[PDB]
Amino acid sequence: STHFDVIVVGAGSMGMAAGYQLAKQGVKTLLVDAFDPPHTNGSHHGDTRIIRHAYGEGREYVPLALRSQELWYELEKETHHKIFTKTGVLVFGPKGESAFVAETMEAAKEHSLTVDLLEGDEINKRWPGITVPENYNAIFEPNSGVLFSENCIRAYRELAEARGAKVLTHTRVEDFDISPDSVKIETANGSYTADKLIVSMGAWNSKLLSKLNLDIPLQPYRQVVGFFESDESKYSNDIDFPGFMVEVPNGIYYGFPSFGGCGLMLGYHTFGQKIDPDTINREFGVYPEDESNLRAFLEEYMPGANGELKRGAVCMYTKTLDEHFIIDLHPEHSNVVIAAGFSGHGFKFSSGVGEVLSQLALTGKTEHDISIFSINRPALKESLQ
């Protein structure tokens, strides 16, 4: 008996950003979440996320990253919660052997991004505590950095609610009923209707998009991070130790300097367990690889950051087959917007994605170029159910 203008299902990284954008414009919005964001059951916890701009994954990503960066600076000004610290982001790998490094370097050139290029011992000299072989090269982006991701969602929620958005917590959406002129969601706490729907359920998109007659390969992965006791004279943000994402022969790792003595945090990017979001084991350390894959990197490349484990977390990626996002209207329903498959690299864009989703919901179009995120693209291996 309350009709909304827009309902957002899944008020996490993408949905809460969309909620803020909609509320800002006086759009009557309901956000429904299975938990109470920010929380520790989805893809947004573990405190910190890298934002970088030299995005070799595709041209379309660079302006989205730069717009998102400006939106994060705006958010910083709007809230009391801490949003962004400009740690810089270091990318390294073996010379001539890392597509990730090469693509990052190409992206910086193509978009005239401000970066430093260094190699071998220059890396170890600039950032004491890093020990790479002489045949490694690097590209450092001084103006990118680290987002406090739980703070971001909390701030967007507070601002959205202040403007009149309603947030229904601890409420799982179980089904959808879509009409030419309205949308309906079904939950154990009641059913709700609106003119438009945004669907942004994170790892649960892989289970519930079938309720919208969609059959899209989406695989959730269990991805752990650990915080380690570190040499603070080397690895502290206070001594300019950078965020990093790097490629070594056995994969990609990412991490964060120690903030206020929390310890250096590390994740292994290219490996995780295939899981179901409803049965995933969210306890860190239950597989020996959780800790050992991290320490194998640290002892080789960041040896003074390989101390006692201070904290672990268990988070999820949701991968598409091509590892590009899905941001598009539902092919059968122009009043339904889908945001899915962020493939372990979506958080930095979540501010810009909130803007895109807002535009798609209200106008059926966006000013951003999102062509590479089309739900109809062949590399998805997608169709209707």
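Residue positions are given as counts along the sequence shown, with the first one as 1.
Colleague: So 317 to 325 or 345 to 353, which one's hotter by mean CA B-factor in the entry?
Modeller: The entry gives the higher C-alpha B-factor average to 317 to 325.
Colleague: Between 258 to 266 and 93 to 101, name whichever shows the higher mean Cα B factor according to the PDB entry.
Modeller: Looking at the record's C-alpha B-factors, the answer is 93 to 101.
Colleague: Which listed residue, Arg67, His39, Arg59, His53, has the largest C-alpha temperature factor in the record?
Modeller: Each of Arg67, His39, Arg59, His53 was compared by C-alpha B-factor; the highest is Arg59.
Colleague: From the list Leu309, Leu71, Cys152, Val146, select the residue with the highest C-alpha B factor recorded in the entry.
Modeller: Most elevated C-alpha B-factor of the set, per the entry: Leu309.
Colleague: What third of its chain's C-alpha B-factors does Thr79 belong to: lowest, middle or highest?
Modeller: Lowest third, going by the recorded CA B-factors of the chain.
Colleague: What third of its chain, lowest, middle or highest, does the C-alpha temperature factor of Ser334 fall into?
Modeller: It falls in the top third of the chain.
Colleague: What third of its chain's C-alpha B-factors does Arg282 belong to: lowest, middle or highest?
Modeller: Top third by C-alpha B-factor.
Colleague: What third of its chain, lowest, middle or highest, does the C-alpha temperature factor of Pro249 fall into?
Modeller: Highest third of the chain for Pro249's C-alpha B-factor.
Colleague: Pull the Cα B-factor of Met14 out of the PDB entry and bin it into the chain's lowest, middle or highest third.
Modeller: Bottom third by C-alpha B-factor.
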